[PDB]
Amino acid sequence: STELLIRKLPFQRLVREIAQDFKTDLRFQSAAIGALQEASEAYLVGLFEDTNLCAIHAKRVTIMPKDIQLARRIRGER
Amino acid sequence: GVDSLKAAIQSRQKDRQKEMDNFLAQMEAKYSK
Amino acid sequence: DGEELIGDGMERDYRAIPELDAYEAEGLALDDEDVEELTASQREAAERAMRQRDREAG
Amino acid sequence: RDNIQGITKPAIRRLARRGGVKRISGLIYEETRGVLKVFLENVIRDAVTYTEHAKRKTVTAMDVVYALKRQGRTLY
């Protein structure tokens with residue numbers, strides 16, 4: 001069962017909490033939450049791959065927040 | 001060096017964008033009119 | 001220092017929890033009503049609004 | 001409603017392992033929650049904007065598809 005990344009129920013409740021700050025009384029299609037979860041997990045896994053490469057370039061095995069920040073800057077995020 | 005690190009991440013990001021394009025096309029094929 | 005991701009006890013991260021491993025009905029659309037796809041002009045109007053929103057945010 | 005805590009430490013470890021990471025600093029957990037928060041805020045804001053312009057109250061799979069298309073052009 002190494003297919004598991006973020007559990008579905010907490011992810012769904014996270015999405016709905018965030019959405020409330022933009023519009024009240026929304027419902028979601030099940031596939032809308034699923035697509036958001038797929039995109040979020042693909043984003044985070046890829047960021048961890050890139051972060052890992054940054055750490056390795058720094059001759060380290062332990063990734064640190066500065067590795068995440070460097071990866072995001074190389075990726076053009078911020 | 002840093003140039004190699006930069007090229008590898010940018011190359012991965014290009015592939016990831018194509019994977020996302022493909023995923024969104026599959027979503028359109030299933031859910032779009 | 002850090003924390004080893006591959007080591008004794010890693011199986012504790014991979015338990016199955018049926019109560020959390022599926023979306024719950026609350027907050028989901030249950031009737032296929034009022035879910036019509038964006039028309040071309042509604043998508044364009046949203047994207048014009050978001051384009052102006054982003055430009056103002058800088 | 002503190003649902004950011006649903007991004008658990010095991011979930012973060014599962015994601016890091018899938019990315020090939022072997023060791024993490026303790027500050028990685030909060031950094032990851034913060035990165036996911038802004039990512040989700042950005043995509044959901046666009047998705048709900050499509051929903052509003054469709055004049056309905058249900059976020060559809062296609063609303064999210066268009067928000068993810070837009071994010072691919074603006075996030076980086």
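Don't worry about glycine lacking a Cβ; one is built from the backbone with ideal geometry, like all the others, and counts go over all protein chains shown. We did not get these values from a lab; they are worked out from the coordinates using the rules stated.
Worth a mention:
- Meeting the requirement of 1 or more residues that are surrounded by fewer than 21 Cβ atoms within 10 Å (Cβ to Cβ) and acidic (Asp, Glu), the helices (runs of 4 or more DSSP H) wholly within chain A are A:8-20, A:30-57.
Residue-by-condition table, conditions (1) aliphatic (A, V, I, L, M); (2) under 18 Å from C:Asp54 (Cβ atoms); (3) in contact (Cβ under 8 Å) with a residue 24 or more places away in the chain:
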{"residue": "D:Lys22", "(1), (2), (3)": "no, no, no"}
{"residue": "D:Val38", "(1), (2), (3)": "yes, yes, no"}
{"residue": "D:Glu41", "(1), (2), (3)": "no, yes, no"}
{"residue": "D:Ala47", "(1), (2), (3)": "yes, yes, no"}
{"residue": "D:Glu52", "(1), (2), (3)": "no, yes, no"}
{"residue": "D:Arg56", "(1), (2), (3)": "no, no, no"}
{"residue": "D:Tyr66", "(1), (2), (3)": "no, yes, no"}
{"residue": "D:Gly72", "(1), (2), (3)": "no, yes, no"}
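- Unique match (being under 23 Å from A:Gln20 (Cα atoms) and hydrophobic (A, V, I, L, M, F, W, C)) among C:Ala40, C:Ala49: C:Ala49
- The sole residue among A:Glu77, A:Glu3, A:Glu49, A:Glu17 that is under 17 Å from the mean Cα position of the chain (by Cα) and closer than 25 Å to B:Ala29 by Cα is A:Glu3.
- Of the residues making up chain B, just one is of a type in the set (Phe, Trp, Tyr) and more than 30 Å from A:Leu70 (Cβ to Cβ), namely B:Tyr31.
- Within the stretch D:1-39, the set of residues being closer than 16 Å to A:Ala39 by Cα and touching a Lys or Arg at 6+ places or on another chain (Cβ under 6 Å) comprises just one member, D:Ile7.
Here is a yes/no grid of residues against (1) away from chain A (no Cβ under 13 Å); (2) part of a helix (DSSP H, G or I); (3) not aromatic (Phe, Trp, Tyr):
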position: C:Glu3; (1), (2), (3): no, no, yes
position: C:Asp8; (1), (2), (3): yes, no, yes
position: C:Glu11; (1), (2), (3): no, yes, yes
position: C:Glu26; (1), (2), (3): no, no, yes
position: C:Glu33; (1), (2), (3): no, no, yes
position: C:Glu37; (1), (2), (3): no, no, yes
position: C:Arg43; (1), (2), (3): yes, yes, yes
